[PDB]
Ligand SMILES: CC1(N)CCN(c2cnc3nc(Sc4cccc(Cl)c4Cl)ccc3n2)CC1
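Just one chain follows, in the form deposited without the ligand, and it is written as structure tokens.
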């Protein structure tokens, strides 16, 4: 009974609130709405013994109060507390029993929110077809056959005829008896952080997640950038798969290599910029020296390993780090394993990297080896991955001038993309909280333009949503 603001009515008045509660509601019903008493503050309208009371909710920027009593980080938390505790007093007691859900479009797939008539016509032509429709903010029920914008007055009707209780009912009733014929919706992928729980329910019902991923897969044609360095005879033995190559414009360029070697400037790795990252593949025996040259050169102090060296009988990454207490040389680079510490889902190895011939070059590189990801599929609970990502974030924040975080699996696209995309999104939520707009496929596309095919499966696609929703819940 958390996260969602369904009982929140953003555009109603005190008189409308009383009317809704007295007609549509019952004793113990309630809704929240913005305060007319103070901008930014909220007012809670509740039905008690046949009449409606209005309670002031203080919003200080740091917390939410009822001008005294317990404090909460979000409005939904304040509401859940009072719904489950019943310590809402004046000295009269008020009970928060049944939320009165807002009938206006909110977290709806077909609802594009704030979007101009020209912007909707630009969207219904570039990505839309015949019968295709979108609802924008009164409400414009824009259709396409050329785009015809059917207006709607708020009871809700499209000029005349039938008055439906909610727009979710009026969008399904105008598709059966066409006024213009409605066939399929344009659909949005943007979702407000606080409403992810609702959207995840929509995408789970018969399929939303499949639709979203397939659509995203269809847009890879627009990301057919040059991979010329990756596709060369001199670099053919440096790639795990001949089809998974770095883009030339984003690739990590290596310097001062072995002159005997034909090409020394190459590694299957790309810089990812939303704090930057290096999405790289698992080490091949022949690329171990290159990986460390790159770690040194880029000033990275954190490595995120998301694969076991051996998974389902196959070599996914070669062991590129020395054993506990030991030291090893990897070409020009020396690595010393100082300490290995273990947690439930991962192991942290504290490594000391330096150029051979100079101790004045030594820096600590922290390797966060995630060991519990399944051979095939995604983890049941996103908690572990989130606790891991929080550990990696604090380490990166705690270090001065630390370079990009090197993230890798085998190919450097599947789990690498999943980890980087989850980290990018939860960072938007860290800086803006529950009141921010997040677009999972817009973010994936943005990362895909930097390294090809980041986030390989639909399982992974759903897992990003599952981790981001779970992150929101804990706030």
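Numbering follows the first chain given and starts at 1.
Inset, instruction - Using none, 1 to 3, 4 to 9 or 10 or more, say how many deposited residues go missing between residue 90 and residue 91. - result: Per the record, 1 to 3 deposited residues are absent between residue 90 and residue 91.
Legend entry - Missing from the model but present in the deposited sequence, between residue 326 and residue 327: According to the record, the chain runs unbroken from residue 326 to residue 327.
Inset, instruction - Would you tell me which stretch averages the higher CA B-factor in the PDB entry, 329-337 or 182-190? - result: Between 329-337 and 182-190, it is 182-190.
Legend entry - Mean temperature factor over C-alpha atoms, higher-scoring stretch between 77-85 and 196-204: On average, C-alpha B-factors are higher across 196-204.
Inset, instruction - From the list 371, 153, 363, 355, select the residue with the highest C-alpha B factor recorded in the entry. - result: Among 371, 153, 363, 355, the PDB entry lists the largest C-alpha B-factor for 153.
Legend entry - C-alpha B-factor winner, where the candidates are 219, 287, 250, 101: That would be 219, according to the entry.
Inset, instruction - Select lowest, middle or highest to describe the third in which the CA B-factor of residue 244 falls within its chain in this entry. - result: According to the entry, residue 244 has a C-alpha B-factor in the chain's middle third.
Inset, instruction - State the tercile, meaning the lowest, middle or highest third, of residue 401 with respect to the CA B-factors recorded for its chain. - result: Middle third, going by the recorded CA B-factors of the chain.
Inset, instruction - Pull the Cα B-factor of residue 65 out of the PDB entry and bin it into the chain's lowest, middle or highest third. - result: It belongs to the lowest third of the chain when residues are ordered by C-alpha B-factor.
Inset, instruction - State the tercile, meaning the lowest, middle or highest third, of residue 300 with respect to the CA B-factors recorded for its chain. - result: For residue 300, whose C-alpha B-factor we compare with every modelled residue in the chain, the answer is the lowest third.
Inset, instruction - Please rank the C-alpha B-factors of the chain's modelled residues and tell me whether residue 213 sits in the lowest, middle or highest third. - result: It belongs to the middle third of the chain when residues are ordered by C-alpha B-factor.
FYI, the form deposited with the ligand bound isn't displayed, but the following is about it.
Inset, instruction - Give a yes or no for residue 177: in the deposited bound form, does one of its heavy atoms lie within 4.5 Å of a heavy atom belonging to the ligand? - result: Result no; residue 177 lies far from the ligand in the deposited bound form.
Inset, instruction - Report yes if any heavy atom of residue 216 sits within 4.5 Å of a heavy atom of the ligand in the deposited bound form; otherwise report no. - result: Taking the distances in the deposited bound form, the answer for residue 216 is yes, it comes within 4.5 Å of the ligand.
Inset, instruction - Check whether residue 235 has any heavy atom within 4.5 Å of a heavy atom of the ligand in the deposited bound form, and answer yes or no. - result: No, no contact at 4.5 Å.
Inset, instruction - Would you please decide whether residue 211 lies within 4.5 angstroms of the ligand in the deposited bound form, comparing each non-hydrogen atom pair? - result: Output for residue 211 is yes: heavy atoms within 4.5 Å of the ligand.
Inset, instruction - Using a 4.5 Å heavy atom cut-off, indicate which stretch of 354-362, 320-328, 335-343, 105-113 touches the ligand in the deposited bound form. - result: Result of the contact check: 105-113.
Legend entry - Single option in 427, 439, 65, 27 placed near the ligand in the deposited bound form, where near means a heavy atom within 4.5 Å: Of 427, 439, 65, 27, the residue with a heavy atom within 4.5 Å of the ligand in the deposited bound form is 439.
Legend entry - the ligand: the contacting residue among 132, 189, 198, 287 in the deposited bound form [heavy atom, 4.5 Å]: Exactly one listed residue reaches within 4.5 Å, namely 189.
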